[PDB]
Ligand SMILES: Nc1ncnc2c1ncn2[C@@H]1O[C@H](COP(=O)(O)OP(=O)(O)O)[C@@H](O)[C@H]1O
Ligand SMILES: [Mg+2]
Ligand SMILES: [Mg+2]
Ligand SMILES: [Mg+2]
């Protein structure tokens, strides 16, 4: 390794591993070929850079080298051709750096000041002008985040230490108002004239110049984004002043329906009542996990991240999720996120080679990315945060829309060049923490979370950065705090978002009626160059602010240190309502303002506007046939199979997921809503649904809003809730404010829901948000061009659930059955702004709408009655794609056919099939048909209800009208058409061989779906005689920073009769726990250190390189009767500890999945013959299990080691396909493991490691699909019971 001076430090250069798999290499050479760059070869190697504050000895040096060996064992090559080194941009620090540096430090390498990584490309192309070489460089890096260098030694620039820049005053006293004008332009404050006036007066009054930092702070606080001027404005519309602001109209819903609401409009989340259940967590005093029977109340929030996603979609989506997760955690006095949702709206995908006939290239601004790039990288970013933080992503929407239409302002381009990137979620909260506490004078004011950098200030300022593992460490602290109940030391907590500390700290003291005084140099920073303005105002991620009483600081400090969550006390709350920021380094005072000056307002806005309303035009059906329409509609991404957005995101973490997107044996993503259990011990729960219908707003603003509320309801309706007043909404409003017609449209739509529909249904909207510049302008040759969004209301619905077991899905039964349409359209059959119109490049005439409020209410209540009485076999609502899609999706999910007659739905068959009016199809038992129709009739629905026919075994999808066949096709053929979008996305994003295997398996109708074979009685609690003695052996539930499934792991061992003890690696390191006291160990899953330096490696190496902790592990494993289990991240960890584990010499490594993608799957495995004591009695069983990993591929050293492993009989689980054979085809085998291997054991059988998560599926109710007759325990419960019985 290289070692040179880097200013006051030394920089070491260490060569790492080959970086690109063969299919990635081929993709690059293919891209070079298509651009006419004649490249003979390309090879890439990771390279690591260590900036050292003192030397390493030989032992330490060998440690560092070893830390930096990871990754798949790809073919290595001696370098050749021209070097192009890609690194993060100078002045930035990669999340990889943050995590890898933490590993070095936890391995005792304090000398390592910072680690960073690049990629060295070696390109052989002996032609190539220098012009072409810049094109080559351009293809190998992301211009928003990375730079390209010619030497390895250039990485020195990444570690330059700049001296702290001083505060700068803006010279109002010396130049007058011109100085504020100049600063406004120079610093991009975007101040209005009246804000310049207020600032000029405030500072004239104080008699001194404002500092740059004070102006910036004021500018961020008073932006549209932070102040919500539009939503608080007075309105005049068509000449008449209006009585309410938009905000007041939303609040009207709470004044009408306060029921169940605990908190609305006074926190960064709403809270509603949940259920009394067993809240499961480890006691502060014993470290033991125990159930605490108490209300688990339900918080909800939804946010957007639209602008940054247009610039840098991966971090834009990741931090959109990250911001939202902080809002949840900082609700009240601390709360716990549970499950998430995700939304995207983009322009047309225009997938190379898969152009669809409605798509036209209209151009875009150079400075934004394409719709395709957003849908490639954005969902990966959103999922990276949810996976590595550890909340399951259980529902979502994805719409594409880009067309030249005759809308409210005449002919123009309407679309989503600036996308919607939506993230939201639910969490749980204790009753006594729902209310923010008061801030005592002298309260310590703390920043919890990550060291700041210059983020948020070619738009580099919109390039965000995510570190989910940092946020997980913070959440653990928050959890520790709320888990102390009455001794929770958190007095007040708030997230840090827009404006950074300059917004969050003033907001916090002000919400408590206090001031604060702050010390700039107490704030944690990874960028010593930063000005006070940059420190105070940057939008660095994973930070929270809180207030704690001075006498609780020692407790807080203990809590943070055990979690490894960084924190700093940065000031004190004062009685005086003044804000002071001091700088110890420059000995001065960057901020010194009364709060009333800083937080004082300009006058509220008045919007005086007028109504525009499109006529819109009858659908021209010249080129439309029913058959062609079916093919086109199934190819609209809006309609099409969403797998590329679903399997990339964990859907099992917490162990509380009852209903995820994937439905049935064939795991078809058509679930209409998400459902979680409230605890690990209850069937009470929570549900999430989304409704949205933006294109309708191009014809009718209020109908678009009414339909978003309506579809939220129709998506959630087959979940057992009861009173509709249990359902609470978030309303997120996206608009191009100021665009002609949109303002009046916005007012009308908000009124349509806030003043009319929601009050009439009894639906509260206790939370919500707005994004008001949904348009993009650019110059496109000669001309000005503009792409403006429709008004885009996204409704998310949230509800307490009475029994999660009674949820229906779209999965049709083929037992004797009746299919009934509930047509809440009442025969209007509207076709305007449908998927059908869109796919023929039209807007059409009149859209759907809520036709009858009482009937919508009735529909809901009748569904609730049918659900509760168990009278439904299946449900699927009608939305994009109409009845045709509803029926098709039900057939896909049931893996069957339908025989339906539409003669009663009107003579216009096209309109009957493709209207997107509210309603849906219920399936009931044939014998229940008359009673079900009677029930519906007593809710006023008889004329909306139509018997369609039946679901039948087979492959025929048949629609008749009297004796005419309207449409007939192979259900498989439709299902594979419907799959083509996700196929093409997967194919261009992931390993094409895997995308293609997954796609091609859909075309095989003989696939029997997930199915089980059990070698034992699932219901026999073999641990019960032991549990009945009341002797409860301990299990060390072992977690490292970033681990996230430790709670449900504990619960599984607990159900089997153990006392589950929380053992953090910090507990082992500080002697608080010794393994000598345990007979059982389990290393849990998650993303320890964000998987940086190879999944499980930092965890393992921190054990190996500390000799004491290492001896402790080794001793545990060499005892004669100890048991250990490693699951997922713990399997990876323990595989890196072979040297401590007897009988583990043939164990493989676990590396990047062959798909090159995180795989969240419900996969079929079989239990194989091995010594594993944890699998006793189960050999020959086949059943599905939760899978949730990116690095699960078994990799051996060579074939000799694979054969040896196999011959020793150590393989304990294998992936099988649905025909029951061992497989390596994807995704049946989700990772590419040879011989399906996904668990191995030791020779003595006492240690077992496995990639899947049995702890996530020990409850039948948490199995995405399961046989109907199972009781409460899944087969996987037997693992934990086998461990108990084995201990005796
Ligand atoms: N962006 C997304 N992320 C995750 N899941 C999504 C996303 N978009 C859609 N889904 C899921 O895919 C399935 C189909 O979506 P969609 O057809 O939009 O739902 P619906 O038509 O019932 O409103 C649903 O289970 C939905 O939650
Ligand atoms: Mg759909
Ligand atoms: Mg639906
Ligand atoms: Mg929808």
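Residue numbers (this note's numbering): 766 to 2053. Even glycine gets a Cβ: it sits at the ideal position worked out from N, Cα and C.
- Contact between the segment 1184–1203 and the segment 1254–1263 is established, with three or more Cβ pairs separated by less than 8 Å.
- Look at residue 1354 here: in three-state DSSP terms it is strand.
- For residue 1457, the distance from the CB to the nearest heavy atom of ligand 4 is below 7 Å.
- For residue 1101, the enclosing beta strand (DSSP E) stretches over residues 1101–1111.
- Residue 1129 sits buried, since 16 or more C-beta atoms from the chains shown fall within 10 Å of its C-beta.
- By the CB criterion at 8 Å, residue 1034 and residue 1093 fall inside the cutoff.
- Residue pairing by DSSP places residue 1062 opposite 1194 in a beta bridge.
- Approximately 15 Å separates the beta-carbon atoms of residue 932 and residue 944; this is outside 8 Å, ruling out the contact.
- Under the DSSP assignment, residue 1894 falls in the alpha helix (DSSP H) whose first and last residues are 1894–1900.
- If you compare the alpha carbons of 1221, 1311, 1341 with that of residue 1278, the shortest gap goes to 1341.
- When secondary structure is reduced to three states using DSSP, residue 1720 falls in the coil class, being assigned neither helix nor strand.
- Using a Cβ-Cβ distance cut-off of 8 Å, the segment 1603–1622 and the segment 1422–1429 are not in contact, since fewer than three pairs of beta carbons, one from each stretch, lie closer than that value.
- Distance between residue 1897 and residue 1859, taken at the CA atoms: about 9 Å.
- One alpha carbon belongs to residue 989, the other to residue 951, and they sit about 20 Å apart.
- The alpha carbon of residue 1509 has as its nearest neighbour, out of 1873, 1173, 917, 828, the alpha carbon of 1173.
- Counted as a single uninterrupted DSSP element, the alpha helix (DSSP H) harbouring residue 1078 occupies residues 1078–1094.
- Residue side-chain check: residue 1644 places its Cβ nearer than 7 Å to a non-hydrogen atom of ligand 3.
- Here the alpha carbon of residue 1473 sits roughly 15 Å from the alpha carbon of residue 1464.
- The three-state secondary structure of residue 1220, taken from DSSP, is coil.
- If you check the C-beta of residue 1165 against ligand 1, you find no heavy atom less than 7 Å away.
- Judged by the Cβ position, residue 810 fails to qualify as a neighbour of ligand 4 at the 7 Å threshold, every heavy atom of the ligand being at least this far.
- Taking 8 Å as the upper bound for CB-CB distance, residue 2045 and residue 1726 are not in contact here, some 56 Å apart.
- Inclusion of residue 1184 and residue 1067 in the CB contact set at 8 Å is not warranted, their separation being larger than that value.
- Rounded to whole angstroms, the separation of the alpha carbons of residue 799 and residue 1484 is 51 Å.
- Here the distance from the Cβ of residue 1425 to the nearest heavy atom of ligand 3 is not below 7 Å.
- In this structure, the straight-line span from the alpha carbon of residue 1981 to that of residue 810 is close to 35 Å.
- Annotation for residue 1428: 1435, 1436, 1574, 1575, 1576, 1658 place their beta carbon closer than 7 Å to its own, counting only its chain and skipping 5 residues before and after.
- Comparing alpha-carbon positions, the option among 1375, 1302, 878, 1666 lying closest to residue 1002 turns out to be 1375.
- Around residue 994, the same chain offers 1370 as residues with beta carbons nearer than 6 Å, after the five sequence neighbours per side are excluded.
- Here the alpha carbon of residue 1954 sits roughly 37 Å from the alpha carbon of residue 899.
- Around the beta carbon of residue 1805, 16 or more other beta carbons sit within 10 angstroms, so the residue counts as buried.
- Apart from sequence neighbours up to five positions away, the residues of its chain that approach residue 1462 with a beta-carbon distance below 6 Å are 1469, 1555, 1556, ordered along the chain.
- Between ligand 4 and residue 1805, a heavy atom-to-CB distance of less than 7 Å is absent.
- Within the segment 1439–1489, the complete beta strand (DSSP E) segments at least 3 residues long are 1439–1442, 1450–1457, listed from N- to C-terminus.
- Distance check between residue 1638 and each of 1602, 1595, 1585 places 1585 closest, using alpha-carbon atoms only.
- Taking non-hydrogen atoms of ligand 2 into account, the C-beta of residue 1404 is found less than 7 Å away from one of them.
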